[PDB]
Amino acid sequence: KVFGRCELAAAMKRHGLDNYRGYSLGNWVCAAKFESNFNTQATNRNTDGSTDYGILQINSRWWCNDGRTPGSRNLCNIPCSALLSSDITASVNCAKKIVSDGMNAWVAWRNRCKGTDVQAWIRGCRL
Amino acid sequence: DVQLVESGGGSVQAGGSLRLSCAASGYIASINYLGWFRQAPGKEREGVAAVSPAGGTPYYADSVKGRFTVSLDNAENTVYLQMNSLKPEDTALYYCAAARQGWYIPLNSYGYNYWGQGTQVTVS
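Going down the list, the sequences are from chains L and A.
If you count by the authors' numbering, then the first sequence holds residues 1 to 101, 104 to 129, one letter each, in order.
If you count by the authors' numbering, then the second sequence holds residues 1 to 124, one letter each, in order.
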């Protein structure tokens with residue numbers, strides 16, 4: 001599933017991401033935009049053997065276990081496959097963990115969102 | 001987004017055979033592995049067999065490999081478990097499960113995201 005910006009904004013809001021850890025909703029939508037272009041099925045394999053999964057491109061070395069990544073911490077305590085769900089719940093719950101333990107974790111966020119009017123990402127949306 | 005419905009279970013005599021079927025419906029394209037997990041009463045579950053729909057590669061628990069065969073019918077999004085030379089040790093609840101991409105240990109239930117109700121298989 002490739003989310004629409006607003007649909008994702010609404011879903012993220014529904015998942016309490018708005019101002020989660022002080023990060024306004026647009027941060028998360030923006031992060032998702034640049035991480036996966038809102039594609040819940042996005043996967044990016046890294047040379048380190050880890051893979052970034054889902055709408056928030058959560059890495060399998062630290063956050064989820066995909067069973068093929070060495071040094072798997074699985075801090076989100078989830079199989080990476082959970083991150084490929086069409087609903088964003090697992091990704092959001094993990095993202096909440098990632099941000100709990104700053105959104106810089108998403109190089110994409112720090113680089114394409116941080117420092118911009120991230121709230122622009124939730125404008126026009128029925129929230 | 002995926003529903004798994006098993007059927008084909010039942011009680012058979014040692015040496016007998018049963019063919020479990022698991023029909024997947026829904027977002028079948030999101031399935032990377034369709035597997036069978038079994039669990040005896042009060043015992044830990046065990047990955048029995050799994051197959052990746054796209055490439056058809058099958059995986060088997062050593063205890064059933066060369067005995068059981070798993071087959072996938074992508075046309076019907078149904079995975080089957082041909083249980084040949086059944087033994088008492090095969091008695092258990094057999095669960096169909098589907099794992100999306102992101103889980104690469106076929107016989108490890110951890111990354112399976114969808115589960116069937118589990119069909120009982122009893123071997124006497």
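Think of the CB as a built atom: it goes at the ideal place given N, C-alpha and C, for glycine as much as any other residue.
Buried or exposed: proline 70 of chain L, going by 16 or more other Cβ atoms within 10 Å of its Cβ? The residue labelled residue 70 of chain L in the question sits at position 70 within the first sequence. Classification for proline 70 of chain L: exposed.
Please name the residues in the stretch 91–119 of chain A whose beta-carbon is closer than 8 Å to at least one beta-carbon of chain L, in chain order. Within the stretch 91–119 of chain A, the residues whose Cβ lies closer than 8 Å to any Cβ of chain L are, in chain order, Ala99, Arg100, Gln101, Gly102, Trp103, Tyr104, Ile105, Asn108, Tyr110, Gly111, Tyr112, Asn113.
Measuring alpha carbon to alpha carbon, tell me which residue in A/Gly42, A/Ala29, A/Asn77 is nearest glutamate 6 of chain A. In the second sequence, the residue the question calls residue 6 of chain A occupies position 6. Of the listed residues, the one whose Cα sits closest to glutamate 6 of chain A is A/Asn77.
Neighbourhood of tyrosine 33 of chain A by C-beta, 6 Å cutoff - its chain only, sequence neighbours within 5 removed: Sequence index remark: in the second sequence, residue 33 of chain A carries index 33 (1-based). Counting only Cβ-Cβ distances below 6 Å, and skipping sequence neighbours, we find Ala50, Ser52, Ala99, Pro106.
Less than 6 Å between C-beta atoms, sequence neighbours within five positions excluded: which residues of the same chain meet that for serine 25 of chain A? Locating residue 25 of chain A in the second sequence gives position 25, counting from the first residue. Result list for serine 25 of chain A: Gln3, in chain order.
Would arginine 5 of chain L pass as a contact of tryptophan 123 of chain L if the rule is Cβ separation under 8 Å? Within the first sequence, residue 5 of chain L is the residue found at index 5, counting from 1. Within the first sequence, residue 123 of chain L is the residue found at index 121, counting from 1. Taking 8 Å as the Cβ cut-off, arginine 5 of chain L and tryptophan 123 of chain L qualify as a contacting pair.
Considering only the beta carbon of each residue, do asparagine 39 of chain L and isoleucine 55 of chain L sit closer than 8 Å? Counted from its first residue, the first sequence places residue 39 of chain L at position 39. Counted from its first residue, the first sequence places residue 55 of chain L at position 55. Yes, these two residues count as a Cβ contact at 8 Å.
At 9 Å on the CB atoms, spell out the chain L contacts of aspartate 1 of chain A, in chain order. Counted from its first residue, the second sequence places residue 1 of chain A at position 1. By Cβ distance, chain L contributes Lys1, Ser85, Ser86, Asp87.
Using 10 angstroms around the beta-carbon of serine 109 of chain A, count the other beta-carbons present and answer buried if the total reaches 16, otherwise exposed. Residue mapping note: residue 109 of chain A aligns to position 109 of the second sequence, counting from 1. Burial call: buried.
Test item: CB-CB of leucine 20 of chain A and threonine 119 of chain A under 8 Å: On the second sequence, residue 20 of chain A is found 20 positions in, with the first residue counted as 1. On the second sequence, residue 119 of chain A is found 119 positions in, with the first residue counted as 1. A contact, by the Cβ cut-off of 8 Å.
Minimum C-alpha distance to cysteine 115 of chain L - residue among L/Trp63, L/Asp52, L/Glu7, L/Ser24: Stepping through the first sequence from its first residue, residue 115 of chain L is reached at position 113. The option with the nearest alpha carbon to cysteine 115 of chain L is L/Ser24.
Using the beta-carbon of each residue, which ones in chain C are nearer than 8 Å to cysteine 76 of chain L? Included in the structure are the protein chains L and A, with no chain C among them.
Local Cβ density within 10 Å of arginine 21 of chain L, reported as buried at 16 or more and exposed below that: In the first sequence, residue 21 of chain L corresponds to position 21, counting from 1. Classification for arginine 21 of chain L: exposed.
When DSSP labels each residue in this structure, what does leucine 83 of chain L get in the three-state scheme? Indexing the first sequence from 1 puts residue 83 of chain L at position 83. DSSP places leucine 83 of chain L in helix when its eight states are reduced to three.
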